[PDB]
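Residue numbers (PDB author numbering), protein chains in the order written: chain A, 199 to 221; chain B, 4 to 50; chain C, 11 to 274; chain D, 17 to 616; chain E, 38 to 215, 225 to 506; chain F, 257 to 506.
Following this line, the structure appears as structure tokens:
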């Protein structure tokens, strides 16, 4: 559970960063 | 010593439930044996 | 136990303002001088027309008395005297009894543990039931008994073990608990009370003449069905000339019933 | 005022323009006003855990804030109500909608408006009078039993600028107006309180008086105090109703609150069907127990947050009645179902699991709930005492107490009435297993028993010993038979049989055992243990003699006293006066003393 | 009234990710909005909006995303959630998991459009279960009698004949008959041959006029497996709570539903809870099952039997565990009886109809029923114990009474539990078989039965 | 005495600072004011629960049973603020208390505490159910500093030997009790039956003590010898012949 949760948080960070990189 | 040390897995949980039903069944079968022997033993003593 | 400091000091100024309301309400004339002296330190802050903010600053400043345990004990003693003096409403008690009962409470360890408070709670249940009571034999009996109890409490206080008061609690609370269909038991209990009192006329002048007549009528009305003969019913009807409920009226009803029990 | 929905994923609704919003604030989402709590803030945006199914919520939908966290409306009109776990009124939803369903996004005001209640202002108050939180500014006659003490909210204070005269007023009429620091507060009978906040007190007192259940085992051997924390292993096979109905009909608490924590649909309707039909004798009138209770019912498909909140709602109600100076009893009929709802919230918040998959804070969420029990001196000036007693059932799977909700509950509750399927199968009602069960309040109740029942502490101690000796002696009986025991031990099994068969058992369907007063309970146990002591003295006095007393001699020469010791259960406080009952008990003491004196 | 406004249609697919299609530039999307995708070749694919954020709509597509692209693909948005076209003419019919028909009949002429998600039945309006449903099987109707409005699973295991049991219940079930009863049969996660079995078995054996059958195949879209119970219960709520029917809703494998909910959870990238299933399954499962019970001022009542294949034969698994928390009782199919060729292999001992005491007795069935069922249970329990004793001590050590419990045990499995797939038994016939077995014992040996019930019914 | 109370309903993060405040007061009183301080820390389990809750909220790497991976260091930051320091007459003693969850000695709370603390004192249901107050079970108990805070100038000479022999006899008593539970007392030797009788007499006199009864160590050792005298002198295999000659017959 902890590994899957930390992966999911890194993905959300990468998605947010990828949208910010469009600016 | 205090445990069998099968390694933690869903297999081992199944095997330990099966071993528990085995041992509990063995207890019940041997409890019937002990009761039947105890009855005859007390009958013979009176005879 | 604990509170936020603003809560704690708010409760202090509350209890001061409440002690003042209780003191004014128990005594609108300032007759209870020894009692008033034991609250002068809190009463001054309400007799002076201070705003809630100004007394709150004085509480935070330690100028007001501000121990909530002392205020709660002191407030409790006062309101439990207020409950006594308010409970006996139709029979205002003497000032010497009030200051005597106050001293007995002040001397006691804890009023919530005291039998004083238990007696007042038993009176409160009995009295509160009467406030909305519909006309029925049990309710009229309890009104009468409670009025006697209020009078005797105003004559002897709560801390005195007057056997009559103690029995009047036991009998009153039993009749209150007794189920409303239990008419024969209600009659029997009320009869047993009048039989056990020293007075030939325990209710005389205790309650309105209409209520005295209702008690007499009620005792007559549940006796009449026991009489098989119209002549005996007419002898019992002739007793209805009475207005005050008396032990002698009860004995007269019983004599007429016993005469019919012979005449069958 | 309102924000707008920015995104939705399952029950999670992200909203925007929420810059004014607060953590755990309560928000209505969508055109249907679906309930939810803000679980995060991230700028001018808020993430709302919507309780109800979000299907149909749209981006750009309104998101209306309530100015409050999850909170209970408190006031008159609680008695007889049925609530869901978030205080929505299930009876009034039914009567207004005329539907078998709760509509998604109910907005029905929890206390019914438009009912003009009969109000009497507290006759001591005046314009310019000082007032503090918990002051009773008037009384509302909402029902015959429960005179509803309206009180100033705990955080409000100041000078009374106005109080309404005697009359009829509904919950939205301004009954009080007060001022502090030059700011006016207008105030209603309805009072709003944050459900996860403890209603404050003057002081939590030590608990010192029995919560009489009217049930011999529960009152004699395992007493719960007024203010006590207790649990029951509520499961079908054990007959859980024997406690909860007895408490509801008879017990010495002025008000009761039920929480359906998250119960099976049909088991919920049993509670809701049954309680309206139950009755109490008060002052010789008979009235429905719904005059003194509210049922916070929740079926298992009620929203997760409503199940998790339901326990906190019931205690927040119970604390308001406690602050009115009433003794509440609160039943919580499966703390396990509440702990599942709590586990589901944690799972949806994507929090890490702890013991058996429950959240880390399960221990704290249980402990901070049971600490809301106890006796108190209320806030505000009429110095009144009150309490909440919490009777929170547990449901350990297979009876295994190592289950973390059960283990943490038994780590906190001071009393545990261990009901058992083995006793219920034998119809040994009230079915409490006396070996499993316990109470920690015995010490604290010594003051009460010393004042009112001074012989009873000895009798209770002797009873527990006689029962423990029965279980120890039963091993010897199983090994070598009853014939092999000492005479003392044989009479110990006979008295333990009387205690187990006619003291601790109580068939509540019979007219004589509907309830059992504490004096009847003491008198019964006093006679059984008086017989035990006299029989034991007769045996021990004839030890090593030629002629020797034994159970068979006692049964031969005084089997009538054994018959009476059983028969005493049939005495009826309704038909028999207390003096008659006490006199029969005193006569059996004299009869047994003469009977033993004829032997030794 | 209705959506008077036309649907938008978007080619603005920004991406694809497994079963998801990610629309962008979308105007005011709804969560759970139904959408109709069209592939570049003109093939329709249905989907539901799984998430919304600003201009973005995440569509879960029902079928695979094969063929979807960022240009030629078009997505029509229906402006609304999925509504079941419910009607009484869904009785006598067979539907796929989406609610499209598969019996060659027309699309349903809806009496109403009901949201599949339902709503909570107001707890004040719920009524206690208080009459019987006959299921035809004696090991249920005589031992674990189901009250109308009860929820009660049949637990089973992989390879046991629970589908043949569910099929038999669907055929035989009905009121007591001391016209207005219907089965709804949600067949979730059913392999093609088993779907043909249910469809054929209900069509052949006269039953169809009183059943609505939903089939979701093992290879049908996983989200249609989630819709299928919600669709079936929405129909059962229409039949019960609006058309006054008594209804028995049979769900054929809740394990295959849990194994679907796991996928929809993984589709939203939700972190798995206990044993890899979503933590909130207790609520979703409850939100299925609690669509049941009688209600105030209505005759209608949904009874339910969620069949449930215990993974690894294990009752501790979260699927049976949560079902045992929500439902009032359980019934067990047993591998031992199945291997013994006893059909139906229902084991009476671990089974419990929680409500049975309000399904049975005077007025509801017959006055003896509880007494019979208790005594049969006791004699089967003692019979199993004495059969184990015989195996330890030998037949010579048995008492005459032991031989009675053992002869009872043999005749009980061969006459009471055994029934065969098409023998239908009333409650009354089951009790008379019960007495034909109990008559084996002396009158005094039947200890749980009252002497009045023995005097009225022990004679044969 | 100074009391810090954090109640079971008080905000659970305060539990993290509660023992730290107590220690910071103890450090002032011992290390600056040369007081002889005793610190009592009650339910370190409620402290560890506060660590578990904070760890969940922070998303730390979990160790066993969902406690944070650093639970040992944080418990050391509490527990190691103990002991005497050079040039100071001061001293911090600590006697923390913890409820072992589900009675499990292998649970992370007792287990990490067991690594950090100088032995442990155990209380047991197997004593408490038999009304043996205080219910202290010696067998799992040890005190690491007993290997120094005993002998001449501190206690009687025999103390170390008596303690070790009482441990052996109580342990063998538990082992023969476990044999009796399988094969019955008819299989035990007279020596084994004496270890079972020792285990009874031991619990009834050594462990059993009144809630206000105060016993000296010298009185406790005389009780120890009066129990050891149950066996023949030659069986006392943990005691030297000199200690036996100085103390066994007296």
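The beta carbon of each residue, even a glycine, is placed where N, CA and C say it ideally should be.
So is residue i buried or exposed if we call it buried at 16+ other beta carbons inside 10 Å?
i, result
"residue 150 of chain E", "exposed"
"residue 47 of chain E", "buried"
"residue 410 of chain D", "buried"
"residue 341 of chain E", "buried"
"residue 182 of chain C", "buried"
"residue 470 of chain D", "exposed"
"residue 331 of chain E", "buried"
"residue 212 of chain A", "exposed"
"residue 280 of chain F", "exposed"
"residue 46 of chain B", "exposed"
Which residue's Cα is closest to the Cα of residue i: the options?
i, options, result
"residue 78 of chain D", "D:114, D:59, D:62, D:18", "D:18"
"residue 75 of chain E", "E:105, E:196, E:253, E:258", "E:105"
"residue 46 of chain D", "D:37, D:27, D:511, D:364", "D:27"
"residue 448 of chain F", "F:434, F:465, F:305", "F:434"
"residue 472 of chain E", "E:70, E:160, E:208, E:52", "E:208"
"residue 138 of chain E", "E:245, E:390, E:327, E:62", "E:245"
"residue 442 of chain D", "D:155, D:74, D:66, D:254", "D:254"
Which partner residues does residue i have in the DSSP bridge list?
i, result
"residue 209 of chain D", "D:88"
"residue 224 of chain E", "Residue numbering in chain E jumps from 215 to 225; residue 224 of chain E, which lies between, is not modelled."
"residue 149 of chain E", "E:123"
"residue 506 of chain D", "For residue 506 of chain D, which the question treats as bridged, DSSP gives no partner whatsoever."
"residue 175 of chain D", "D:146, D:195"
"residue 292 of chain F", "F:347"
Just verifying my parser: in three-state terms, what is the DSSP assignment at residue i?
i, result
"residue 456 of chain F", "helix"
"residue 253 of chain C", "coil"
"residue 350 of chain E", "strand"
"residue 469 of chain D", "coil"
"residue 103 of chain E", "coil"
"residue 62 of chain D", "strand"
"residue 47 of chain D", "coil"
"residue 450 of chain D", "coil"
"residue 236 of chain C", "helix"
"residue 205 of chain E", "helix"
"residue 420 of chain E", "helix"
Report yes if the C-beta of residue i is less than 7 angstroms from at least one heavy atom of the ligand MN; otherwise report no.
i, result
"residue 260 of chain C", "Of ligands this structure carries none, so the ligand MN is not represented either."
Subject >> Interface residues of the segment 291-315 of chain E facing chain D [CB-CB below 8 angstroms] >> reply: 314
Original post:
Name the residues in the segment 318-349 of chain F whose C-beta lies less than 8 angstroms from a C-beta of chain A; which are they?
Top reply: 318
Subject >> Interface positions of the segment 111-136 of chain C facing chain D (Cβ-Cβ less than 7 angstroms), listed along the chain >> reply: 122
Subject >> Residues, ordered as in the chain, of the segment 414-432 of chain D that lie near chain F by beta-carbon distance below 8 angstroms >> reply: 418, 423, 427, 428
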